[PDB]
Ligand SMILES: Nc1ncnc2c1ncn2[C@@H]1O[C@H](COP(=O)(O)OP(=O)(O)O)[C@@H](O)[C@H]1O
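Just one chain is shown here, as structure tokens, and it is the form solved without this ligand.
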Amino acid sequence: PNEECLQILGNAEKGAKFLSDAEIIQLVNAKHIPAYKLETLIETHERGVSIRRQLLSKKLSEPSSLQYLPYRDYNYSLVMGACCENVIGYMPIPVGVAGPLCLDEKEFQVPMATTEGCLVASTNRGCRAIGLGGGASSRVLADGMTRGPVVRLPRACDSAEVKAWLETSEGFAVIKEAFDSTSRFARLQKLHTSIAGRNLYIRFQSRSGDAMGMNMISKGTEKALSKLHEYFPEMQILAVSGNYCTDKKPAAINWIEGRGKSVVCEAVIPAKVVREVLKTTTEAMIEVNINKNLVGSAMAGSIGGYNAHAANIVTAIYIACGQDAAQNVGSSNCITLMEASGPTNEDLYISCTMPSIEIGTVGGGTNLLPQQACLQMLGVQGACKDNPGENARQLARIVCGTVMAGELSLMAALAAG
């Protein structure tokens, strides 16, 4: 009944919990109730998902499309008004595990969410060679998420004035105070700027504790630019990101300046281990690395893509561990080097250098519990109380270390043919 059902919705202590599935759907189709009124009216999250699927399904060319998209018994409360909207369900990505990865005297079992055949198996083989080689070592070389707004002044002489002002000790200090006032972990490092006529691109860089820090840095960037407006009232803020960050697009600035964590990792693989585990020789590995990862990438016109498949490992760890998998674009930046080592140049020195690993252990997908499980496997879930940023640094080191395992195994598979 259409007019009885409205009575049960309007009563403040009854609610739509008393109504049925088809009755709420009869209301919308008759146009008694608009569609957008169902988000706010319906009580529980899972029933909101159910009714959206049903409404959505009748509009589809094949109304049975959603049959095998699962949606029941998922914690939508951590996702609603925080991570996803118009939610009709969830997508299971198989999670495999590669390890142990022997990195800086610890051992890691690395979760990898992927649907590419053999990626975990191959990565795990690279892990095996590293462990039988005495483990890999890594260092975090730099740390600071960025945002890169574009501002505009009337003339290029003015934009130049502002650049010189931001380069002074006094002007930087003023901007630093306004940026840092927005948050606990927001500490502004040296500003990088570029002029293009009357445009001025300003790359704000700051650590962000254990968060990846896109939201924190943005908040700092806006207050900092508000303070900059007080010194330069004619300055227009065109966009809070003018693509100079650069976020989720290939850019040499991230390659050269770094973004998020800049990391290096390295290991030596005995000749014996290269033969028995990797089914090739040190000399063959080197020849392939030089001519694939340097020369080949060079011929193809690569900026920052001097590696075999860093992106595969970055992406799978990112999906498993609640990262922004779109940031695989810049986070997969990697140069993989290989050279002969040891008494008779028969052992394999390998290193991966990844200048822009954009990563966090708090916020975003890491609020969700399956994603926290994977972060917990690695011992890096959430914030680190004693050493703010140490969980995010550790995960970045794991990523780089795991990328190196991936590089060893794939580069060996290609070398053996």
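Note that residue numbering follows the sequence shown and begins at 1.
Although it is not shown, the form deposited with this ligand bound is what the next lines describe.
A.B. asks: Would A383 count as touching this ligand in the bound PDB entry under a 4.5 Å heavy atom rule?
C.D. replies: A383: contacts this ligand in the bound PDB entry.
A.B. asks: Although the partner isn't part of this model, could you tell me whether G304 comes within 4.5 Å of this ligand in the bound PDB entry, counting any heavy atom of the residue?
C.D. replies: Heavy-atom contact with this ligand at 4.5 Å: absent for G304.
A.B. asks: With a cut-off of 4.5 Å between heavy atoms, is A320 one of the residues that contacts this ligand in the bound PDB entry?
C.D. replies: Residue-level check for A320: no, no contact with this ligand.
A.B. asks: Does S331 reach this ligand in the bound PDB entry if we count a contact as any heavy atom within 4.5 Å?
C.D. replies: Contact check for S331: no, nothing within 4.5 Å of this ligand in the bound PDB entry.
A.B. asks: Checking a candidate spot here: are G209, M214 and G363 all in contact with this ligand in the bound PDB entry (at least one heavy atom each within 4.5 Å)?
C.D. replies: Per the other structure, all of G209, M214 and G363 touch this ligand.
A.B. asks: To test your reading of this chain, name the stretch in 262-270, 171-179, 215-223, 189-197 whose heavy atoms come within 4.5 Å of this ligand in the bound PDB entry.
C.D. replies: That would be stretch 215-223.
A.B. asks: Counting non-hydrogen atoms within 4.5 angstroms of this ligand in the bound PDB entry, say which of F185, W255, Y76, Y201 makes the cut.
C.D. replies: Checking each option against this ligand in the bound PDB entry, the one that comes within 4.5 Å is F185.
A.B. asks: Can you name the residues of 74-96 that have a heavy atom within 4.5 Å of this ligand in the bound PDB entry?
C.D. replies: Stretch hits: zero.
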